[PDB]
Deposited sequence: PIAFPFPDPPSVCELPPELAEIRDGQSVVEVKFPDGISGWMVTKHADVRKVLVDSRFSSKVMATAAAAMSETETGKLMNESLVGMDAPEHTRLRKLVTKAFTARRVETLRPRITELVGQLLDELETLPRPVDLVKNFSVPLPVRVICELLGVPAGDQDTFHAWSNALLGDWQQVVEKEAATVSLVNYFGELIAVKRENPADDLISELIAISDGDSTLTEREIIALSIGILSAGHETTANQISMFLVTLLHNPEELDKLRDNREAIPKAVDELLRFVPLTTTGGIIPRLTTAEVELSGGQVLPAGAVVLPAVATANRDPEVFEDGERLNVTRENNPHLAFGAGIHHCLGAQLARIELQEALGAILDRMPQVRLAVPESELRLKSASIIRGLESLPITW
């Protein structure tokens, strides 16, 4: 077995070279984690998708611990089926699409603030970290008067492992905050997700208040650090590929395809941020490998998203790519609930940056940039820019 996680490459713009070497040779390999558990990794686009779509792979694994047990992402059917069907009574494509104008305003506000800071200015702290929380607040219905405090909580959640106590205490505050917000929204409902969910809960469905709380925090948690890290990594990738970036410069029509190309090419982790699945029966894969029952299986999204069988010239960035069946939002029943909302946030963020800061560049050499050591997601410590 080879050791997983692989070494981090010198450059934030490279993936571990062992991924492509596996994908393109042995394909499915055994790995060994640092705690000595042994697993399997699959790398081809067909195997990764199978691992996410097939019924034989299970996701089932303090306030923090309870919430993890209550989150969609750790559930299997039938519990997962029920909860998702309850949440999507309110979390709809219509709700998300109709938020686009407010997302655009929130992006503009943050850029209005950014452009008055001393320069060069860190994009991470001053834009990428706060934007996904603003958007989540707007979706959920957290009022602006609660937002400074809500940011402080959210940001405490992103700590290290070195701060288990900070994070647990932030989680506790968020849990009591959302209980109070439910009573305010029951009395004065508004156009937001919590108001609708409460109305569903108060009607005849079995949706509970606690489930509303667990949904709210699960959305925060799924959608803050992911989106945050991707905004900054996307900008770096684009800058590293100036002929791709030029195709976008006065051409906001091209932004949606570019975002999907960036999602494909700039991964959250080796597995797209997806926790290894557990097989519940043996499973035959596209190449004839049969994964055994009871096995921990890593779906290598990052490399499947460059599989030369599905993506032409897949190890390079092409922001014009039309044919892009990427797995960055997963597939099957756990397919990212926020997939459309995330696309909208990244589209609006990137289109505005390029519109407003068309000469944006890095204020340090790209070799000086580095991924945070102590993060579960691939993300920059800082991103010093000027324009």
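According to the record, the deposited residues with no C-alpha atom in the structure span just 62-71.
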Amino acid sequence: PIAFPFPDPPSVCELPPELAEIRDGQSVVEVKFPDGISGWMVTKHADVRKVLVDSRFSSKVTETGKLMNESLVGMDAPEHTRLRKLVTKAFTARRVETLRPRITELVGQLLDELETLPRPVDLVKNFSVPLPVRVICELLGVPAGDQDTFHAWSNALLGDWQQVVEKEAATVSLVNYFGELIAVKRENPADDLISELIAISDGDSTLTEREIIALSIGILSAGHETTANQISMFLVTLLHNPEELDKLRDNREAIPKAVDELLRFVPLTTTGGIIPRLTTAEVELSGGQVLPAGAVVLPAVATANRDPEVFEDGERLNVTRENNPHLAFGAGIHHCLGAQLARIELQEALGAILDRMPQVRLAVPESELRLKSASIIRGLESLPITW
From here on, numbers count along this sequence of modelled residues.
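Of the two segments, 29-37 and 321-329, the one listed with the higher mean B-factor is 29-37 (C-alpha atoms only).
Set 131-139 against 149-157 and average the Cα temperature factors; 149-157 ends up higher.
Across the options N176, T303, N126, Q109, the residue with the most elevated CA B-factor in the record is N176. By the numbers in the PDB entry, the CA B factor is greatest at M68 among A352, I344, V42, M68. When the CA B factors of the chain's modelled residues are split into thirds, the value for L337 lands in the lowest one.
In the PDB entry, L239 places in the middle third of its chain by CA B-factor. In the PDB entry, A93 places in the middle third of its chain by CA B-factor.
Annotation for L114: CA B-factor lies in the lowest third of the chain's modelled residues.
Sort the chain's modelled residues by C-alpha temperature factor and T269 lands in the lowest third, per the entry.
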